[PDB]
Structure formats: structure tokens, C-alpha cells
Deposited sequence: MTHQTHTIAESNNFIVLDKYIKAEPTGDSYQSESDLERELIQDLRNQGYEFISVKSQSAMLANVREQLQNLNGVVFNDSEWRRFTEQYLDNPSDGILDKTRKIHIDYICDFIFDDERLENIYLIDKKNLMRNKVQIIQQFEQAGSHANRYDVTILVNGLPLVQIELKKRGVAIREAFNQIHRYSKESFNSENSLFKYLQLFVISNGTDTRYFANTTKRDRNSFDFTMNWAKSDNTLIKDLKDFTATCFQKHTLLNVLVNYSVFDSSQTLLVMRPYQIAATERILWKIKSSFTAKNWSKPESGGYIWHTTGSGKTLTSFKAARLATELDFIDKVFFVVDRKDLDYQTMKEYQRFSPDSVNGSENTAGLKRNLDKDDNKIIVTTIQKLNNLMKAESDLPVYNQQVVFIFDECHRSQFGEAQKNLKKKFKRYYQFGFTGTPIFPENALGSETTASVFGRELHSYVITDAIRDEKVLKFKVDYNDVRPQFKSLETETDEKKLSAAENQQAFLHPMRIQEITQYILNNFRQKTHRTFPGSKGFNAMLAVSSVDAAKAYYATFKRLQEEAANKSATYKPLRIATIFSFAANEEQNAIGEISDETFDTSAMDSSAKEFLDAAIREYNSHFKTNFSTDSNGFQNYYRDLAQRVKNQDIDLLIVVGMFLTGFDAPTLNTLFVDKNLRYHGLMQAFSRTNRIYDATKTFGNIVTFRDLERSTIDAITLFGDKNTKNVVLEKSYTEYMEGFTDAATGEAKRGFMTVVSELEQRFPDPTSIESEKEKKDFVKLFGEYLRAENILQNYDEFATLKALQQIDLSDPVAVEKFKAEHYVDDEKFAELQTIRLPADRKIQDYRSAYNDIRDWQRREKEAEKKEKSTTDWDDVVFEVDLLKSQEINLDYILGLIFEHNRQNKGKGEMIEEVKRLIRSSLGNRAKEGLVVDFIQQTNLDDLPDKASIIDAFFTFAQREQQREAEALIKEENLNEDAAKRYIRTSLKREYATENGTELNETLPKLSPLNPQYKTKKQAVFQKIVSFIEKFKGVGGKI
């Protein structure tokens, strides 16, 4: 009985007017009542408290007196000092209070029955703003915000903890205009707080369920809702609440059903017992897989659950997270001691480990009791090389097992390259969520891939398709040639802030990575960066330097780098040591070259790249696979990437953040265009690249038509033209209609400008807006910096952009109309783009 349905029957309108908010609320209440949600009238905190007393007393089979209830309220349920985070902690972890009565007996008082869900009492109330609140055992856990049919859901979200304090217990938010319904977690954290994280409910085929009637009839089925709240909502060690998306739940629950059905049939340790999940890169594989293992421990018939990852994919939050379930057993090292120690932990089913360690252990160990136990394996995006050996030993040793795997880049026959196919190893595909689905849902970002062809001397070298010549090409004469490195480094320095959206004043923006071909490349780059930055530091006292850092150790798959720095040669070792010394100096930290020091350097670095304490990370093969950095928008690539490695590296930029991050920038100094198309194609079909790859500069300036949606889009020059024709201003106002039309138009302007900030052509056009009128030192400087010859420099002067001041006036008027709107249904303001500018 899956809560993400294989088949659902699109319901019928009554009807029975569906236009207004109270109409939506009427049908919502009626439908929920048909679904077994008792409706009650609660006008106060007092009445809520009373109702809760009733439900909890019934649920726990106990009766408080007024003194005991008051004490229970003040010290556990209703603590005045409690915030939202404390209530979430109470729902997810601390949901049992061991209470001392007046007669001095001790009893466990549950807020929720998680063992038997349906014993829980669900109820509904309405607003005491049109809202409908779902109470579980009296506690409000769900909030449905209702808006009129006309109201744009993104603006509705844009609009909408203290008192009444019981509403701190809120876990799940849902907001509907009746055409569309979107759910999102309740939290105080602000980094997941944008519209991009709101979610549509769906089926196993990931077909969306937009409207309120069907959302209600599916997501709001008591069994579905309660399972989403209790079993499908992850609370991490940073006290962040993440509600899972339908594809994550579908995959997870299908894995659970698979394990159980395979156990009932006593059919195990063969491909048909387990399964694989194809979840496109960035879709949340680590979150879901770890969650699945944790749920798999809840099966009584299972003795042990292995959750296994690749040390290559480790980073700060993830290690912090694994530490509590498997103390000091998860790291870069080869040591199996922590693994075999956790393996002996009494009354404990979960073991997190790295594939390296599991393989080492399975190599060294023979008679381990676990081999004979009923075991579940969950593999999270493991590289092929280690995985094969691990599989050989796994097959030979564990006698009763169900193994599962998550990947965003499966192994088909056509990419086999010496290894076994994913299907051969894991058997059936239990669920799929592909790249095109993810991009359709906006849960993942597109790529803008561009070869920067600025360098004629090195061009034929950068276009080389032959594998052997490329290997031979790494030296000071060809790829590592001082001028090439200097030109690239100068480009990256010059265009960094532009790429990363640091350009407009006071803007926070993003950061970037530089992926390179080898250790010598990394060294050359770091050195050149320091040199050029010191020179620019001389040239100007107003220069504001970037913070560069690097990490690497020793070696279309991306080559793994061990955490043992001893394997490095002396030159690299000394350069890394020097780099860590400098890093230590600036950041006031102590990390050393030794195993532990380098391990903690890796950790601290991951952390500082995630929060933008470091502006550009110069890496070779590290952090190119699993690294999670939503604020990283740009990857610079001097390296040969193909297929799964290509997709995995590029995906470092694919994390959604908000309206500011439109897509990830991939700026390459070697021609990757063909490899990009091949890679995207392998993992999709011949049309996949059109959905994945962003369109051209010319298309965004002059207009085009999107294939997937079918909609026509302006047309930034068209937008600007309409701004000047229709709104010379202030007289182009004052009526309401003109205000509205202007808000819509300028909205388009802001979205288009924001998009075009990532194109060198537009950056150049904008750049040209200071320049000349007498001394052409800055003219030739403009030509050299933007690599623009005279033939272009002539035409760029012909293209009229609107004056900076006119833009400022537009922006301030836009903001004014917004503030006024606070004190119009179709209209959506760009809050996110505004708040930066």
C-alpha cells in the first residue's frame, strides 16, 4: 500500500462554485470530512489546549488532574521558551515525555503513536486570511493556506512561532490557489526558504497532482499524510527539517516493499531480490538513500542495514551527519577498526561506511557473524572500480542479502567500459526520476556550457580529440604553458564577479570552482593567481582580492585521490604544505600535512566553500562528485571530462537556491561541447540536450520559443523597447492599470537582465557603457580585457541600452508599487531579484 500511487483517477468538480477562497475552503473541509477528519470549532488557545488534553489522554489511556496537566503543559508541551525548532525536535525525536504524576507514578506520554499510525486522531479546524489547520492528537501539524483562483501561487508564497504558541508545532505547510497546490517544510532556517523548494504531490510516474481536489484526495488521505509527517520528513543534526518529494518517497517505499516481499518468499541474495533507483544527479540521492536505510532498520526481520557511500563523495554536513550513527567510522582512511566495532554494537541495526572500508574489511575478514545474518545493502553513487571488488566479495560472503543502489548515471551496455551494468548487478529498476523530469519540476538547474575561445595559439591544443596526445600534452610547452595559464587566470580574475553575480553593489551572490587536469596545473594556477593579484594590488588600493584555496592529493571516470598524502611526490607535497600554511595564516587554523590534519583540512575547506569563506576553489579531482554547495553557481574547467564524470562534475552547479541563481555556469578552456552533448545524450535521448542546455545570447536578447512548454519569450531588447515606448514616466503611470502592466513588464526586464548577467557578450556590452570620450587607454584596455576586435567594437556602439539612471528610477518605482501593494491577482513581484539590488 504505497503512498505514492501507481494509478490515480482524476476527480470531478462538484460543482458548485470553485472560484472564491471560501469555496475552496468549503470543498476542502467537506472532502477532508469524507476522508475521516473530524471538524471542530476552536476559537482560542484555551479551547485548543483542552482538545489536546482530551486527545492525548485518550491516546495514552491516562487522565491528568488540573495540576498535572498544567505542569505537563508548562514543562513539556507548551514551554514558553520553546521555538519552532524545539517543537520539531519534539515531534521527530522527543515525542515521548516520561511524566511524574502527583501520586508519584511514572508513565510515558506520547505526542504521536508512530508504531501504529492510524490510532492517531486527525482533526480539522478553520481560521480563528483563509486557512485550514490539520491537528494530529490536537497538535496542529498542517497548515493549508487558501488563495483565490486568480492569485498567482508564487506571489501567494511571496506574501506569507510567537502566539498562539501551539502553532509552533507546525511541521508541514501547504498553499493552494485551487489550480495548484504546493507543500513545504516549516522551519526557521532561511537558506531553503525560497519558492524553489515548494513541491507538487505526484504519482510514481512523477505525473504532477496540481489541483486542490486531487491533492486532498491523495496527499491528504490520512495514511498518506501521517506517513509523510512521521516517516517521510527528515530532521538532520543541524536541526533542519526537510520534507521529501514524491519521487524520493516512491523510491524509498518501493525499496521497503521489495525487501519485505523478497523476505516472505525466502528469495534472497540474487539480483531479483533487490533493485536499483535511477535518480538524476542532484535530485537528492544521498538524502533519500540514507533515509531509506534508516527506515529499513525498522523491519524486525532484518538483522543489519549497511548504508555505504564513496569517500570521494564526503563533505562537511554529510560527515557531521554520519558521525552520530557511526562514530569515527566514516572517513578517507583505509581503517576497518571503526567499521568492525560498529558491527559488534548490541541492539543496533544501522552501519554507515565507505565502499573502500567495506571492501577492505570483506577482503581481510572471513568468519564475521553478519555474513550469516539477514542483511540489507544500500549503495549511494559508488564509483565502478571499488564497487566491482566489493561486489565480488559481497556475493562470495554474505549468504542472505538484499542489495539496492542509487545512481544518477547508470551503467548501460554501451558505456560498460569493462564493468558490469547496473541492471545486471541490482536487477530491476524500482523507480526512476530522470534529468528531464527534474528540470521540468525545477528541482534541478540547467547548464550553460561554453568554450571560451580567446586563445588562437593554444586553440588546436584545446581542441584535441586524441587520448594519447592529451596525456602527452601536460607540460610547460603545451597545456601548462605560462601564457595560457596567465590568460586563463586573467580571464577568471576579470570575469569572476560577473559570472558569480557579485557585480551590482551590495550583492551577496555566489562562488565558483576551478577544475583542472593535474597537480602541476593546480600549482601553476594557484601561483599565477597570487602573482596577478599582487600586481593588481599594486595597481590599485581600491582592489578587492579573491580568496583562493586548493586541495588535491594523489591518483569517463574521474580519478580518485587518496587521503594519504605520503603517496605524493616532494614537489606537490611541499606546494600543498605551503598552501595549507597560507590557508592557516589567513583563517587562523592549525591543519597539518599528516593524515589527520589533511582530513580536517578537507572538512574545513568543504565548509568554507559551502558558506563562501573561500571565493574560488582550485581542485583536481576532489569535490567533483558529491559536494553540496547551493551557493556555488560557476564551474571553470580546464580538464578533459566525459560521460558520467562530465555530468557529475558539471552538476556541482546544479543545486537550486532562488530566483537569483538561474542556472549553473560551465566555463571551459578546452572544447567540451561534443563531450557535453554525448554525455547528456547517453543519460537521456537525442532531445535531452535541448531541455538541459540553456539557449544562446542572441535568443535571450531578441526572443525565442521554448519547446517543452511551448511558450514564446521576449526578448530583452523587446522588453527594453516596450519599457521606453510604453513607460517614459512618471506620467506613463498614474492609473492602476498602468501600474500593473508596468510591474509585469519590469518583472520581465529584471528576469532577463538577471539571465543575461551570465553571458560574456552582455557583460561586454554593459562594460562598453563607460570607456571613451578622449583618452583611449581604457578603450584598448576594454578591447584587450573583453577580447573584442575593432570590427565588433564598432557595432557595439550602435546598440542602445537604457540609461543607468532611468533603470534606477524604474526599480524604485517598482519597489514603491510593491510596498503599496502590501497595504492584482495575476501579478508576481520579483522579491528575490529586488532584495539583492
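Stretches of the deposited sequence absent from the structure, as judged by C-alpha coordinates, are 1 to 12, 141 to 148, 181 to 188, 584 to 591, 860 to 872, 887 to 1038.
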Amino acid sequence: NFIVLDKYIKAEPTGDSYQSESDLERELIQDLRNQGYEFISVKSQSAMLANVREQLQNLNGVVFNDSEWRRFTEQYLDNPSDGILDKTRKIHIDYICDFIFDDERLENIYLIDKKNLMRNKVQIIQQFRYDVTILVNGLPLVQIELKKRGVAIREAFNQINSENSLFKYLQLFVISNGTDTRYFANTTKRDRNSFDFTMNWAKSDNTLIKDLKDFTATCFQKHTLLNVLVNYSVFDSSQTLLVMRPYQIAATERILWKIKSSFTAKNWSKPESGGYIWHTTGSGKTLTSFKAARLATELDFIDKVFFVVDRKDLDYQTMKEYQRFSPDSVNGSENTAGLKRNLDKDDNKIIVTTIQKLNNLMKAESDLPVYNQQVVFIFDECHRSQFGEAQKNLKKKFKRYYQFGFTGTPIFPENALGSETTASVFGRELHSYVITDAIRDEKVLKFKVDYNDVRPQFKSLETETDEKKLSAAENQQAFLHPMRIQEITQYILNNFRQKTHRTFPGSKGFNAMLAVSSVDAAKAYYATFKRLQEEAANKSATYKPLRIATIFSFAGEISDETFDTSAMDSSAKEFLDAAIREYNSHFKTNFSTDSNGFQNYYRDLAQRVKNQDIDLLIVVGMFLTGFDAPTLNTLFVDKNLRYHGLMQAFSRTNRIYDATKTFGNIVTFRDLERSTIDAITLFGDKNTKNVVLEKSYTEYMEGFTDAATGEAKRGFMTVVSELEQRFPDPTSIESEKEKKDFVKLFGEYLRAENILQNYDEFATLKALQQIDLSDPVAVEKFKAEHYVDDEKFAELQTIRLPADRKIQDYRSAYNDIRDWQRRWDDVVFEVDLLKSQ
From here on, numbers count along this sequence of modelled residues.
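Between the stretches 215 to 223 and 512 to 520, it is 512 to 520 that shows the larger average CA temperature factor. Stretches compared: 105 to 113, 132 to 140. Higher mean C-alpha B-factor in the entry: 105 to 113. Of all the options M244, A555, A250, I439, the entry's greatest CA B-factor is assigned to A555. Looking only at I656, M319, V308, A416, the residue with the top Cα B factor in the deposited structure is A416. When the CA B factors of the chain's modelled residues are split into thirds, the value for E534 lands in the highest one. Among all modelled residues in its chain, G61 ranks in the middle third by Cα B-factor. Ranked by C-alpha B-factor against the other modelled residues of its chain, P730 falls in the highest third. When the modelled residues of the chain are ordered by their C-alpha B factor, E780 lands in the highest third. In the deposited entry, the Cα temperature factor of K266 sits in the top third of values across the chain's modelled residues.
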